[PDB]
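One structure is given below, encoded as structure tokens.
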Amino acid sequence: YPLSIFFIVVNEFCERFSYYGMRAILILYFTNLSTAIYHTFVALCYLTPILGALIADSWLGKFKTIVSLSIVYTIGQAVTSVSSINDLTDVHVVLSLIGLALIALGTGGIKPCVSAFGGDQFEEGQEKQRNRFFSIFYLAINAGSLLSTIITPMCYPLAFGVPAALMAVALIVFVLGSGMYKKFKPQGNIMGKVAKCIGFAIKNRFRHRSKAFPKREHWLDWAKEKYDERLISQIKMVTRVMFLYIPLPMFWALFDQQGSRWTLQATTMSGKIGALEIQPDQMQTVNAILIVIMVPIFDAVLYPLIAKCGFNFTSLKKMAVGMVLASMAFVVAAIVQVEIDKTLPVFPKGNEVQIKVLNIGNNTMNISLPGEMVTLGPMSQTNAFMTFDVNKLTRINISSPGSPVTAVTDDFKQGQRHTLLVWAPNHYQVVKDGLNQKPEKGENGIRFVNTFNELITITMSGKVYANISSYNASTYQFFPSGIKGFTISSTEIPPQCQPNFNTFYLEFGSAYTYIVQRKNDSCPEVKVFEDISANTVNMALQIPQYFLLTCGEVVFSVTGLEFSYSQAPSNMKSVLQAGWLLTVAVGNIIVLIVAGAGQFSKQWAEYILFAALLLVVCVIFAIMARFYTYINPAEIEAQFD
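All the letters of the sequence shown, read from the start, carry residue numbers 12 to 42, 50 to 108, 120 to 183, 197 to 683 under the UniProt record's numbering.
Here it is in structure tokens:
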């Protein structure tokens, strides 16, 4: 029996491995809305499966569609790669756009058919062996995911071309197994038959308003009037099973959160392990690492042990329990979410304005501000931002001991942090900061200030600041952690001056401002001032919140596809798979429905998003589980004719 299986398993592992490659690249290629864009196309890929089962069981069977959809899948990836080269080498965008739609079909028509195809090989009441396959099969899906991430860092033609090539390798091997596959063909228009049967029955029910209206079957009492009984039996099994899925999709909206929402939180939690220098975006991989080792344990020890004590868990029992751990997983995040709040600074909102003042002169200056004054010595700054109201910024006076007063006639934008630089009694400057949140992806911004009469130019690892006016600062640019070297160039600088310099360790999430000042020998000097503190909380603390979800998703997901396959009738095995996959499609809509948040504190969203909904669904789902939909032995009922 294993012979024909290996061709199938290696195909999915090889296939889905390449599939993940396109994911990270796509968002980078085009560059809150990232949540929509990331989720929108994720759901889109799961609408196509609708086109999968219909064609598969109503036309050419299952073997043909896999081969056909495999070819069209590769073309989409290949076309997108070359079309991208056409735009840069030489309307053009239209070529790239078409690839996306073509790529989706393969991603859609393959997932349902492949799963149903594997199960067919098991026929001799091989409950344990067929289940072993599904446990093995799911372990293969994440195997590709793990390898995809590690190779991604190590070009566009190869970035797109190379992943596409593997699918061809996967495609070729699957063909070789044709002589060994156990395959079945359709015997008519199954989809059409059901369509007509449903319409006639309900139409008949509409008739006889008060004549034998009480139905002994909610729908079948009327369908039987024209159609074959065993035909009614098959639809009856599928109709009941599909009902149980109504409460399921909410859960998938609770698992996807790790893709973006948690990764966003990883930005503010970058306390780096001493041993290594893990990056923020790599945390998602931790789900892959656990799942490969966790899956064998459950099948190996846990399930046999549970049997010994006589708990006798059923598929329904596990699925209901599986949702519990996922729910409890999120509340752990909320604990971590509130914890970080003790360290992150506060940013202005709307009509609020935050002000920072930095003195770079050689003499102390006195600053007059609405309802308060600040005196800052040479090369000194305020240790924290000062918040103010836009309307309350009425009078601003600047003076130095023994110097005339100087007013400020500039303007400030509400909702933007502003910095005031003063170097002489009547010489000041107003500059915008640009950033009003934690830096994206964890990198730390850097800028510079000009004090010399002439323009200056500075370069630092592929990024250049040039033509900077005197007593005016540039805008921030972001660099990774560690230590970076930089060089300066300016006409006023004599050649003999040394422009080579090095920085201190950067860590993650910090924001420092440099200052350039003249030495007695005309050589420049470098001073550093902080604006935002470095991230403190360690990143490994996300492991707790991760383990429960992955441990809970192994018990849930594995049973989901297996239980969907068993209850399906021998004729419409693939159709139900669409229902199962269709569950995920709805899920991403709910998170998309979030749109704006009622308030700002993220801790609220992390909590109500699961507790008020997921648990309520669980109890509601349990009620439906009380109606023993598992009591259907789909394998034997057909034997009754």
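Ideal Cβ placement from N, Cα and C applies to all residues, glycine included.
Selected residue, minimal CA-CA separation from residue i, among the options
i, options, result
"residue 572", "421, 108, 206", "421"
"residue 637", "21, 404, 468, 55", "55"
"residue 62", "130, 32, 78", "130"
"residue 46", "200, 179, 71, 210", "The chain lacks the residues between 42 and 50, and residue 46 is one of those with no coordinates."
"residue 133", "59, 74, 165", "59"
"residue 604", "358, 523, 51", "358"
"residue 74", "575, 153, 233, 570", "233"
"residue 168", "356, 331, 630", "331"
"residue 446", "467, 431, 434", "467"
"residue 372", "653, 441, 673", "653"
"residue 300", "595, 441, 615", "595"
"residue 425", "489, 172, 396", "396"
"residue 315", "350, 499, 550, 302", "550"
"residue 41", "65, 90, 19, 122", "122"
"residue 520", "504, 529, 530", "504"
"residue 368", "618, 68, 292, 472", "292"
"residue 655", "506, 527, 290", "290"
"residue 235", "216, 215, 218, 269", "269"
"residue 451", "360, 472, 465", "472"
Same chain, Cβ closer than 7 Å to residue i, five either side skipped, listed in chain order
i, result
"residue 436", "412"
"residue 533", "496"
"residue 16", "147, 150, 162"
"residue 644", "379"
"residue 671", "282, 283, 286"
"residue 76", "228, 231, 232, 233"
"residue 329", "300, 588, 592"
Contacts around residue i, its chain only, beta-carbon distance under 8 Å, and the 5 residues preceding and following it disregarded
i, result
"residue 419", "401, 406"
"residue 226", "79, 80, 149"
"residue 564", "534, 535, 536, 539"
"residue 125", "98, 101, 102, 105"
With 16 other Cβ atoms within 10 Å as the buried cut-off, status of residue i
i, result
"residue 463", "buried"
"residue 197", "exposed"
"residue 57", "buried"
"residue 476", "exposed"
"residue 144", "buried"
"residue 298", "buried"
"residue 415", "exposed"
"residue 667", "buried"
"residue 547", "exposed"
"residue 553", "buried"
"residue 25", "buried"
"residue 485", "buried"
"residue 492", "buried"
Opening and closing residue of the alpha helix (DSSP H) in which residue i lies
i, result
"residue 372", "357-382"
"residue 152", "No alpha helix (DSSP H) holds residue 152; DSSP gives it neither H nor E."
"residue 190", "Coordinates for residue 190 are lacking, as the chain steps from 183 to 197 with nothing built in between."
"residue 400", "Element bounds for residue 400: not the alpha helix (DSSP H) but the beta strand (DSSP E), 394-401."
"residue 247", "232-248"
"residue 283", "271-286"
"residue 94", "81-107"
"residue 209", "198-218"
"residue 22", "13-41"
"residue 76", "67-76"
"residue 318", "Looking at the DSSP string, residue 318 is not in any alpha helix (DSSP H), and its letter there is neither H nor E."
"residue 306", "305-310"
"residue 510", "From DSSP, residue 510 is part of no alpha helix (DSSP H) but of the beta strand (DSSP E) over 505-510."
"residue 520", "Premise fails: residue 520 lies in the beta strand (DSSP E), 519-521, not in any alpha helix (DSSP H)."
Where the beta strand (DSSP E) through residue i begins and ends
i, result
"residue 474", "469-474"
"residue 460", "460-466"
"residue 486", "486-489"
"residue 553", "553-560"
"residue 654", "It is not in any beta strand (DSSP E) - residue 654 carries neither H nor E in the DSSP assignment."
"residue 414", "414-418"
"residue 529", "527-531"
"residue 342", "Counting along the chain, residue 342 falls outside any beta strand (DSSP E), and DSSP gives it neither H nor E."
"residue 498", "498-502"
"residue 430", "428-431"
"residue 56", "Note, residue 56: premise wrong, no beta strand (DSSP E); alpha helix (DSSP H) at 51-63."
"residue 409", "407-411"
"residue 440", "439-441"
Cβ shell of residue i (< 6 Å), same chain only, five flanking positions each side left out
i, result
"residue 205", "29, 32"
"residue 632", "295"
"residue 112", "Because residue 112 lies between 108 and 120, and the chain jumps straight from the first to the second, it has no atoms in this structure."
Any non-hydrogen atom of the ligand ADP within 7 Å of residue i CB
i, result
"residue 539", "The ligand ADP is not among the ligands present in this structure, which contains no ligands whatsoever."
Inset, instruction - May I have a chain-ordered list of the alpha helix (DSSP H) segments no shorter than 4 residues that lie completely inside the segment 566-649? - result: Within the segment 566-649, the runs of alpha helix (DSSP H) that reach at least 4 residues and sit entirely inside it are, in chain order, 584-609, 615-636.
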